[PDB]
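below: the sequence, then the experimentally determined structure.
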Amino acid sequence: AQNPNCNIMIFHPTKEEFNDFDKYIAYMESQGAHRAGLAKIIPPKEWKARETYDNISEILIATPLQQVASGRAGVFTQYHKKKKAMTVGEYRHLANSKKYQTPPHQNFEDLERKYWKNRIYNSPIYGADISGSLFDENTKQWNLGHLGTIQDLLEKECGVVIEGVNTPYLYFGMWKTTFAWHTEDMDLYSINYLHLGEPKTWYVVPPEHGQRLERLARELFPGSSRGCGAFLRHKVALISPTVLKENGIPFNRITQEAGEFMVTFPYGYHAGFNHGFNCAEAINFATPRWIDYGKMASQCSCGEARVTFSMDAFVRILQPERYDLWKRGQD
Ligand SMILES: O=C(O)CNC(=O)C(=O)O
Ligand SMILES: [Mg+2]
Ligand code: NI
Ligand SMILES: [Zn+2]
């Protein structure tokens, strides 16, 4: 078995190897990358996502989200308070303000310490989940707006044609902006490219150990657990590395820098935070190996998780028994 300790692997494809996306994902899996739940891909030196980022300030963040925490430093939830629209140029100025900027620090580890110590005492503002792409249309390799669609993968694998579309999302972050512990919708893969700015630190649980994280989460968030049998689908709970270590939960961590891709694998729980002003782009995707994870994915039916139009068909075809109850939660 390749990568039996489930370490995060880092890949350096050549420009030749960067041509065929599906093939390279299958290669990474042949080396055991999926066992970690997360892999880093450093693009060939010849590759670029676009020529410059000089003209992005007029992108609109229609609903910036203020991430307000409740709990204790290592075990907290966050809720998202909607704020007034602002441009990316306005948001970048805000991120660089004295109130919101990254503090002085020695290195990523020092910054990570300061994050866990201090996050809950602040409410950073996240420009998340903005439909769109920063890849130049002429970028042919690993262009997240030109991937094969999950609907087409389900059709190729299973023969059933379904409605729905699959497009990327932009994320504009600042210091302390936070992504809560989650897997993807329908336990899909994700791919995330850090276009610009300051780093993003990731934490990940190997897929084979995801249920250990779920059991800890039920213990640590007991009211939430009673409310919903899949409450991590709400994407609100945070648990620190120290707490995970105290409770024996297997995990790994890595920092992504600008110019790097990360891939999350089916049922790889992940969480993290941004170091300062940045912009990332991410999208879900599928491979043949995903289908069995899709069929087994938990679902929130309490009404909180509320997701895209396109998840309907995935539930309806892969999980017909659950369909009725899950759709009640959607309506
Ligand atoms: O970058 C973020 O805030 C969150 N991204 C992801 O969870 C992802 O790419 O799967
Ligand atoms: Mg612009
Ligand atoms: Ni994710
Ligand atoms: Zn729920």
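That came through fine. Numbering: from 1, shown residues only. Ligands and ions are numbered 1, 2, ... in the order given.

so which bits of stretch 142-157 are buried?
For stretch 142-157, burial by neighbour count (16 or more other CB atoms under 10 Å) applies to 142-144, 147, 149-151, 153-154. Just so you know, the C-beta spots here come from the backbone N, C-alpha and C atoms, and that holds for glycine as well.

quick check: residues of the protein near ligand 2?
56, 58-59 (CB under 5 Å from the ion).

ranges for the helices of the stretch 201-331 of the chain?
210-220, 222-227, 241-246, 290-296, 311-318, 320-330 (DSSP state H, counting those that start in this stretch).

so which of the buried residues of stretch 142-157 comes closest to ligand 1?
residue 144 (10.2 Å; CB to the nearest ligand atom).

for residue 39, which non-adjacent residue is spatially closest?
residue 33 (4.2 Å; CB to CB, 6 or more residues apart in numbering).

got the phi/psi numbers for that neighbour?
phi -60, psi -40 (degrees, to the nearest 10).

contacting residues around it?
3, 9, 11, 39, 263, 265 (CB atoms under 8 Å, 6 or more residues apart in numbering).

which among the residues of the chain next to ligand 2 count as buried?
Looks like the residues of the chain next to ligand 2 have 56, 59 buried, using 16+ other CB under 10 Å.

list the buried ones in stretch 251-271?
Here stretch 251-271 shows 251-256, 258, 260-271 as buried, counting by 16+ other CB under 10 Å.

filter those down to the ones near ligand 1?
With CB under 6 Å from any ligand atom as the criterion, the buried residues of stretch 251-271 include 264, 270 near ligand 1.

what's the burial count for residue 163?
Residues lying near residue 163 (other CB atoms under 10 Å) number 9.

do the same with residue 10
Neighbours around residue 10, by other CB under 10 Å: 12.

quick one: contacts for the residue lying closest to it once chain neighbours are set aside?
Nearest residue to residue 10, sequence neighbours excluded (CB to CB, 6+ apart): residue 40, at 4.4 Å. By CB under 8 Å, 6+ apart, the contact set of residue 40 is 8-11, 254, 256, 260-262.

run the last query once more with 7 Å
8, 10-11, 254, 256, 260, 262 (CB atoms under 7 Å, 6 or more residues apart in numbering).

now swap in residue 172 and tell me
Per CB under 7 Å, 6+ apart, neighbours of residue 172: 61, 88, 91, 127, 279.

out of these, who's nearest residue 106?
Nearest to residue 106 among the contacts of residue 172: residue 279, at 25.3 Å, using CB to CB.

test my guess that that closest one contacts residue 197.
Yes: Residue 279 sits in contact with residue 197 when judged by CB atoms under 7 Å, with a separation of 6.0 Å.

measure the residue of the chain most remote from its centre to ligand 4 for me?
Distance from the centre of the chain peaks at residue 159, with 28.8 Å (CA atoms, centre = their mean). Residue 159 is 32 Å from ligand 4, where distance means CB to the ion, to the nearest Å.
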